[PDB]
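The block underneath contains the structure these notes are about, expressed in structure tokens.
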Amino acid sequence: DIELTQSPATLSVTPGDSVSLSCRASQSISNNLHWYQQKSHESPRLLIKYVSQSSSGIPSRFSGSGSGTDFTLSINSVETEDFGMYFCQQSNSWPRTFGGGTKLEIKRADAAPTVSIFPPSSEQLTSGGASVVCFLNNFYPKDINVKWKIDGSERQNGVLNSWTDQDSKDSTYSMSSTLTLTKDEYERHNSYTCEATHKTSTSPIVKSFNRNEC
Amino acid sequence: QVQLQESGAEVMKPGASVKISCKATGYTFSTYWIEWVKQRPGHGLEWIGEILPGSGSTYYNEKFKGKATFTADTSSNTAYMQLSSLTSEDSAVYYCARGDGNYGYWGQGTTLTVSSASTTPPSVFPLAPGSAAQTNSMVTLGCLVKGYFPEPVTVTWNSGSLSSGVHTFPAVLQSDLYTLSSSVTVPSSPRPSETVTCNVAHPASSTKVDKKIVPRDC
């Protein structure tokens with residue numbers, strides 16, 4: 001197969017900057033290479049066909065060049081809507097093949113997460129289950145260490161973390177971290193803590209509650 | 001215009017078979033090759049093969065030899081991919097696209113979920129701030145939408161009024177059931193003097209929940 005390698009795998013970009021993405025082939029593919037943009041949970045959109053040709057309706061900021069083994073997609077001045085996945089593809093031989101993808105994200109000014117902790121609802125507890133939820137909203141960068149503590153001792157088993165996509169309006173992230181326990185496992189301790197380490201602080205953001213306190 | 005419409009999401013049992021359609025319009029269906037592309041949750045894009053509706057020839061990705069099966073109905077302008085011997089790893093979004101060297105027309109895709117679970121409606125749990133660290137100017141309220149099958153559920157707050165401050169997180173699997181959470185933030189002026197409600201709808205089960213966030217006084 002013609003293995004298509006793209007670099008970089010991710011790209012943090014301030015608007016107004018100019019980026020170049022690279023797509024290399026394991027053997028020459030001549031001018032058979034096209035570029036797609038994929039936005040989350042949307043089909044891919046072709047931006048450039050056969051190395052450098054341009055399609056009506058695609059912004060002029062996008063252009064490609066290359067030939068043989070080295071290809072480049074250039075965005076002269078990245079705009080905020082240029083967020084997404086960037087794929088190259090070769091149509092030289094069978095089977096058809098895509099690159100790995102280069103993810104493009106908008107670089108913003110640091111924002112500290114807003115952390116909230118929620119004890120198990122009684123209704124849930126009646127089922128005999130206890131889910132402890134922690135929201136870490138609107139932060140940048142994407143880097144963050146969340147850590148759960150029970151009676152000051154950390155806990156690694158039972159935590160599920162979900163992330164929203166880089167947000168469209170403010171370019172910040174959000175995560176939620178759930179700690180799931182048996183009702184009886186819960187009642188054997190008192191203090192639950194959600195602690196975030198983000199680069200916007202030296203010292204952790206801590207939020208806790210006392211199981212007993214109402 | 002050139003339209004490429006695919007068939008809706010499918011939830012199938014492991015070892016079953018699914019047939020995915022890609023209806024074509026605005027062109028001469030028989031002229032072009034229809035490509036099939038597979039996209040697994042963050043794993044690039046894989047070319048499965050293609051089919052020429054006129055002749056009937058069909059090229060498959062080595063890797064997809066006896067798992068994919070392309071057919072076409074020239075009368076109705078539909079290509080089909082059959083996936084056989086479903087396994088969990090077949091779960092992905094699949095695209096058809098019109099062949100041209102490059103693909104400039106893409107169907108909207110079809111999500112395939114391979115699984116033994118069954119329609120299970122969600123349990124919707126209100127998350128109201130603990131007596132501690134609640135105090136602030138804004139307040140974050142939350143909704144836990146736990147153990148449903150299959151995707152998707154819909155979550156809106158105050159029946160679509162609260163559009164600002166809302167975060168809906170991606171559902172995660174937990175014992176072959178899904179769990180999702182949503183958080184709205186509001187000024188401490190509104191709650192709890194202003195009724196905030198979490199509305200959840202699960203089409204598959206025909207479940208509609210209006211779950212209000214009451215104060216943790218109990």
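The chains in the structure tokens are called A, B, ... from first to last as shown; in each chain the residues are counted from 1, and the ligands are counted from 1 in the order shown.
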
### residue A:171 surroundings by only C-alpha atoms, 7 Å radius, close-in-sequence under 4 positions cut, as a list in words
residues 106, 108, 166 and 167 of chain A

### Task
Tell me, as a list in words, which residues lie within 10 Å of residue B:158, counting only C-alpha atoms; anything in the same chain fewer than 4 positions away does not count.
residues 162, 163, 195, 196, 197, 198, 199, 210, 211 and 212 of chain B

Output file for the selection above: N, CA and C atoms, as a PDB file, in the first residue's frame:
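Below you can see selection38.pdb, which holds the result:
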```pdb
ATOM      1  N   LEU B 162     -33.030  27.760  28.401  1.00  0.00           N
ATOM      2  CA  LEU B 162     -31.621  27.947  28.860  1.00  0.00           C
ATOM      3  C   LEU B 162     -30.675  27.471  27.772  1.00  0.00           C
ATOM      4  N   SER B 163     -30.164  28.337  26.909  1.00  0.00           N
ATOM      5  CA  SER B 163     -29.298  27.863  25.799  1.00  0.00           C
ATOM      6  C   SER B 163     -27.836  28.223  26.101  1.00  0.00           C
ATOM      7  N   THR B 195     -37.554  27.853  38.960  1.00  0.00           N
ATOM      8  CA  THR B 195     -37.608  26.418  38.634  1.00  0.00           C
ATOM      9  C   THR B 195     -36.685  26.122  37.453  1.00  0.00           C
ATOM     10  N   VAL B 196     -35.612  25.367  37.596  1.00  0.00           N
ATOM     11  CA  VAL B 196     -34.801  24.922  36.448  1.00  0.00           C
ATOM     12  C   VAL B 196     -35.195  23.464  36.190  1.00  0.00           C
ATOM     13  N   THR B 197     -35.438  23.164  34.926  1.00  0.00           N
ATOM     14  CA  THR B 197     -35.812  21.783  34.627  1.00  0.00           C
ATOM     15  C   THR B 197     -34.930  21.211  33.556  1.00  0.00           C
ATOM     16  N   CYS B 198     -34.558  19.996  33.778  1.00  0.00           N
ATOM     17  CA  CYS B 198     -33.819  19.110  32.880  1.00  0.00           C
ATOM     18  C   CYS B 198     -34.759  18.176  32.088  1.00  0.00           C
ATOM     19  N   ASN B 199     -34.826  18.397  30.794  1.00  0.00           N
ATOM     20  CA  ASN B 199     -35.689  17.594  29.916  1.00  0.00           C
ATOM     21  C   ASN B 199     -34.789  16.620  29.127  1.00  0.00           C
ATOM     22  N   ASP B 210     -39.090  15.151  32.414  1.00  0.00           N
ATOM     23  CA  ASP B 210     -38.943  16.531  32.925  1.00  0.00           C
ATOM     24  C   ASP B 210     -38.495  16.345  34.383  1.00  0.00           C
ATOM     25  N   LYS B 211     -37.214  16.503  34.593  1.00  0.00           N
ATOM     26  CA  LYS B 211     -36.570  16.321  35.893  1.00  0.00           C
ATOM     27  C   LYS B 211     -36.091  17.692  36.427  1.00  0.00           C
ATOM     28  N   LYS B 212     -36.813  18.142  37.452  1.00  0.00           N
ATOM     29  CA  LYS B 212     -36.505  19.421  38.097  1.00  0.00           C
ATOM     30  C   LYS B 212     -35.398  19.290  39.123  1.00  0.00           C
TER      31      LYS B 212
END
```

### Task
Please provide the set of residues having any atom within 7 Å of stretch 205-210 of chain A, restricted to only C-alpha atoms, with same-chain residues fewer than 4 positions apart removed, written as a list in words.
residues 115, 116, 117, 190, 191, 192, 193, 194, 195, 196 and 197 of chain A; 130 and 132 of chain B

Residue selection dump (C-alpha atoms) as a short mmCIF file (atom, residue, chain, number, x, y, z; two decimals), in the first residue's frame:
```
data_model
loop_
_atom_site.label_atom_id
_atom_site.label_comp_id
_atom_site.auth_asym_id
_atom_site.auth_seq_id
_atom_site.Cartn_x
_atom_site.Cartn_y
_atom_site.Cartn_z
CA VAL A 115 -14.82 23.07 39.04
CA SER A 116 -18.05 21.89 40.71
CA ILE A 117 -18.67 18.59 42.66
CA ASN A 190 -17.04 10.94 54.56
CA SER A 191 -15.06 13.36 52.46
CA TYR A 192 -15.07 13.28 48.66
CA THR A 193 -12.74 15.55 46.72
CA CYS A 194 -12.37 16.54 43.12
CA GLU A 195 -8.97 18.14 42.49
CA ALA A 196 -7.82 19.63 39.12
CA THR A 197 -4.25 20.50 38.26
CA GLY B 130 -24.00 20.35 47.81
CA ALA B 132 -20.78 23.27 50.56
#
```

### Query
Given a cut-off of 8 Å, which residues of chain A touch chain B, counting only C-alpha atoms, written out as a PyMOL selection string?
chain A and resi 32-34+42-46+49-50+91+94-101+116-121+123-124+135+160+162-164+174-176+207-209+213-214

### Task
Please run DSSP on the backbone and report, as a PyMOL selection string, all residues within stretch 120-207 of chain A that come out as strand (DSSP E or B).
chain A and resi 129-140+145-150+153-155+159-163+173-182+191-197+205-207

Produce a file of the selected residues containing N, CA and C atoms, as a compact mmCIF listing (two decimals), in the first residue's frame.
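File selection_29.txt, as written:
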```
# COMPACT_ATOMS: atom_id res chain seq x y z
N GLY A 129 -26.92 2.74 44.09
CA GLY A 129 -25.67 3.03 43.28
C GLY A 129 -25.30 4.44 43.74
N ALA A 130 -24.07 4.85 43.62
CA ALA A 130 -23.74 6.28 43.89
C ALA A 130 -22.70 6.76 42.90
N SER A 131 -23.16 7.70 42.10
CA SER A 131 -22.29 8.37 41.09
C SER A 131 -21.94 9.76 41.58
N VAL A 132 -20.65 9.97 41.75
CA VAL A 132 -20.13 11.30 42.14
C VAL A 132 -19.67 12.07 40.91
N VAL A 133 -20.26 13.17 40.57
CA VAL A 133 -19.95 13.99 39.39
C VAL A 133 -19.18 15.26 39.69
N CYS A 134 -18.16 15.45 38.86
CA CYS A 134 -17.35 16.69 38.87
C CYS A 134 -17.25 17.32 37.49
N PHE A 135 -17.71 18.55 37.38
CA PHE A 135 -17.59 19.26 36.10
C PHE A 135 -16.39 20.20 36.16
N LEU A 136 -15.55 20.16 35.17
CA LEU A 136 -14.44 21.09 34.97
C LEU A 136 -14.72 21.81 33.63
N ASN A 137 -15.37 22.96 33.77
CA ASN A 137 -15.83 23.74 32.63
C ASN A 137 -14.88 24.85 32.21
N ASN A 138 -14.94 25.19 30.93
CA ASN A 138 -14.33 26.23 30.18
C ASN A 138 -12.89 26.55 30.48
N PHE A 139 -11.99 25.71 30.09
CA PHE A 139 -10.56 25.88 30.34
C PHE A 139 -9.71 25.73 29.10
N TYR A 140 -8.56 26.38 29.16
CA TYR A 140 -7.59 26.26 28.06
C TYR A 140 -6.24 26.48 28.71
N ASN A 145 -5.02 17.64 34.90
CA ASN A 145 -5.01 16.39 35.69
C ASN A 145 -6.17 16.48 36.70
N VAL A 146 -7.17 15.63 36.57
CA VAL A 146 -8.21 15.47 37.56
C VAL A 146 -7.84 14.29 38.44
N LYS A 147 -8.15 14.44 39.71
CA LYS A 147 -7.75 13.36 40.68
C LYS A 147 -8.86 13.29 41.69
N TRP A 148 -9.27 12.08 42.03
CA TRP A 148 -10.35 11.90 43.01
C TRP A 148 -9.67 11.47 44.33
N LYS A 149 -10.32 12.02 45.37
CA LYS A 149 -9.82 11.57 46.69
C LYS A 149 -10.95 11.17 47.59
N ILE A 150 -10.72 10.08 48.34
CA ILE A 150 -11.76 9.70 49.32
C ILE A 150 -11.07 9.65 50.67
N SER A 153 -7.49 9.85 50.61
CA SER A 153 -6.68 8.84 49.85
C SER A 153 -7.21 8.90 48.43
N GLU A 154 -6.29 8.91 47.50
CA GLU A 154 -6.67 8.94 46.07
C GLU A 154 -7.39 7.66 45.67
N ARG A 155 -8.08 7.65 44.55
CA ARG A 155 -8.87 6.54 44.00
C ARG A 155 -8.70 6.60 42.49
N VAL A 159 -13.53 5.75 37.90
CA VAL A 159 -13.68 7.10 37.32
C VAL A 159 -13.87 7.08 35.80
N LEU A 160 -14.91 7.68 35.28
CA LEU A 160 -15.14 7.86 33.83
C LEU A 160 -15.13 9.38 33.53
N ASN A 161 -14.30 9.75 32.55
CA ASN A 161 -14.09 11.13 32.10
C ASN A 161 -14.58 11.28 30.65
N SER A 162 -15.37 12.25 30.38
CA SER A 162 -15.93 12.63 29.10
C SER A 162 -15.50 14.04 28.75
N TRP A 163 -15.19 14.39 27.51
CA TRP A 163 -14.72 15.71 27.11
C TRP A 163 -15.58 16.36 26.05
N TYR A 173 -12.23 24.32 26.53
CA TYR A 173 -12.77 22.95 26.76
C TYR A 173 -13.66 22.79 27.97
N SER A 174 -14.26 21.59 28.09
CA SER A 174 -15.00 21.24 29.32
C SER A 174 -14.85 19.75 29.52
N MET A 175 -14.71 19.32 30.78
CA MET A 175 -14.77 17.86 31.01
C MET A 175 -15.71 17.61 32.19
N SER A 176 -16.10 16.34 32.27
CA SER A 176 -16.88 15.87 33.42
C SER A 176 -16.18 14.56 33.79
N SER A 177 -16.13 14.43 35.09
CA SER A 177 -15.50 13.25 35.69
C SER A 177 -16.49 12.65 36.65
N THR A 178 -16.89 11.42 36.43
CA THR A 178 -17.79 10.64 37.27
C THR A 178 -17.02 9.53 37.97
N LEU A 179 -17.25 9.43 39.28
CA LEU A 179 -16.87 8.37 40.20
C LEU A 179 -18.12 7.59 40.62
N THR A 180 -18.15 6.33 40.23
CA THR A 180 -19.31 5.43 40.45
C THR A 180 -18.97 4.46 41.57
N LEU A 181 -19.85 4.39 42.56
CA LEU A 181 -19.56 3.44 43.67
C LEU A 181 -20.85 2.68 43.97
N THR A 182 -20.69 1.57 44.65
CA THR A 182 -21.85 0.95 45.34
C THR A 182 -22.30 1.84 46.49
N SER A 191 -15.44 12.21 53.32
CA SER A 191 -15.06 13.36 52.46
C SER A 191 -14.63 12.89 51.05
N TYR A 192 -15.31 13.46 50.07
CA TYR A 192 -15.07 13.28 48.66
C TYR A 192 -14.47 14.54 48.04
N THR A 193 -13.39 14.37 47.32
CA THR A 193 -12.74 15.55 46.72
C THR A 193 -12.46 15.36 45.24
N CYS A 194 -12.78 16.42 44.53
CA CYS A 194 -12.37 16.54 43.12
C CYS A 194 -11.27 17.61 43.02
N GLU A 195 -10.12 17.22 42.55
CA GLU A 195 -8.97 18.14 42.49
C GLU A 195 -8.36 18.27 41.11
N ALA A 196 -8.32 19.45 40.51
CA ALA A 196 -7.82 19.63 39.12
C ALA A 196 -6.45 20.26 39.18
N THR A 197 -5.53 19.73 38.41
CA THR A 197 -4.25 20.50 38.26
C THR A 197 -4.22 21.00 36.83
N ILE A 205 -6.92 23.00 42.15
CA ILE A 205 -8.30 23.48 42.42
C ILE A 205 -8.97 22.26 43.07
N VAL A 206 -9.42 22.44 44.27
CA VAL A 206 -10.05 21.41 45.09
C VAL A 206 -11.53 21.82 45.26
N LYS A 207 -12.40 20.86 45.18
CA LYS A 207 -13.82 21.00 45.50
C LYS A 207 -14.13 19.72 46.26
```

DSSP on the backbone: which residues in chain A end up as alpha helix (DSSP H)? Give the answer as a PDB file with N, CA, C and O atoms, in the first residue's frame.
```pdb
ATOM      1  N   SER A 122     -30.443  11.340  45.979  1.00  0.00           N
ATOM      2  CA  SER A 122     -31.038  10.311  46.885  1.00  0.00           C
ATOM      3  C   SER A 122     -31.696   9.240  46.018  1.00  0.00           C
ATOM      4  O   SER A 122     -31.514   8.032  46.276  1.00  0.00           O
ATOM      5  N   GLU A 123     -32.420   9.707  45.024  1.00  0.00           N
ATOM      6  CA  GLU A 123     -33.097   8.851  44.046  1.00  0.00           C
ATOM      7  C   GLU A 123     -32.143   7.841  43.466  1.00  0.00           C
ATOM      8  O   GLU A 123     -32.436   6.670  43.202  1.00  0.00           O
ATOM      9  N   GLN A 124     -30.921   8.283  43.231  1.00  0.00           N
ATOM     10  CA  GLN A 124     -30.002   7.295  42.619  1.00  0.00           C
ATOM     11  C   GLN A 124     -29.666   6.265  43.691  1.00  0.00           C
ATOM     12  O   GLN A 124     -29.565   5.086  43.370  1.00  0.00           O
ATOM     13  N   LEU A 125     -29.502   6.747  44.884  1.00  0.00           N
ATOM     14  CA  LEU A 125     -28.986   6.025  46.058  1.00  0.00           C
ATOM     15  C   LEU A 125     -29.904   4.911  46.524  1.00  0.00           C
ATOM     16  O   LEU A 125     -29.508   3.862  47.070  1.00  0.00           O
ATOM     17  N   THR A 126     -31.177   5.149  46.269  1.00  0.00           N
ATOM     18  CA  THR A 126     -32.290   4.195  46.431  1.00  0.00           C
ATOM     19  C   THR A 126     -32.107   2.995  45.518  1.00  0.00           C
ATOM     20  O   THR A 126     -32.443   1.857  45.857  1.00  0.00           O
ATOM     21  N   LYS A 183     -23.569   1.821  46.811  1.00  0.00           N
ATOM     22  CA  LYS A 183     -24.099   2.599  47.923  1.00  0.00           C
ATOM     23  C   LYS A 183     -23.344   2.281  49.211  1.00  0.00           C
ATOM     24  O   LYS A 183     -23.183   3.164  50.065  1.00  0.00           O
ATOM     25  N   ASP A 184     -22.900   1.047  49.370  1.00  0.00           N
ATOM     26  CA  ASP A 184     -22.294   0.702  50.665  1.00  0.00           C
ATOM     27  C   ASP A 184     -20.849   1.169  50.669  1.00  0.00           C
ATOM     28  O   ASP A 184     -20.296   1.472  51.746  1.00  0.00           O
ATOM     29  N   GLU A 185     -20.264   1.229  49.472  1.00  0.00           N
ATOM     30  CA  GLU A 185     -18.881   1.724  49.346  1.00  0.00           C
ATOM     31  C   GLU A 185     -18.801   3.224  49.677  1.00  0.00           C
ATOM     32  O   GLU A 185     -17.889   3.697  50.395  1.00  0.00           O
ATOM     33  N   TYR A 186     -19.818   3.916  49.182  1.00  0.00           N
ATOM     34  CA  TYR A 186     -19.994   5.331  49.509  1.00  0.00           C
ATOM     35  C   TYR A 186     -20.139   5.619  51.008  1.00  0.00           C
ATOM     36  O   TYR A 186     -19.446   6.471  51.629  1.00  0.00           O
TER      37      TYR A 186
END
```

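Proximity of B:51, B:89, B:111, B:191 to residue B:136, computed with only C-alpha atoms, is greatest for B:191.
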
### Task
Can you pull out every residue within 12 Å of stretch 73-75 of chain A, counting only C-alpha atoms, but drop anything in the same chain fewer than 6 positions away, and send it as a PyMOL selection string?
chain A and resi 6-8+13+15-24+33-37+47-54+58-66+81-83+86-88+102+104

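Restricting the calculation to only C-alpha atoms, the smallest distance between residue A:4 and any of A:67, A:30, A:56, A:90 is found for A:90.
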
#### Entry: Residue with smallest distance to residue B:204 - pool B:91, B:188, B:120, B:69, counting only C-alpha atoms
B:120
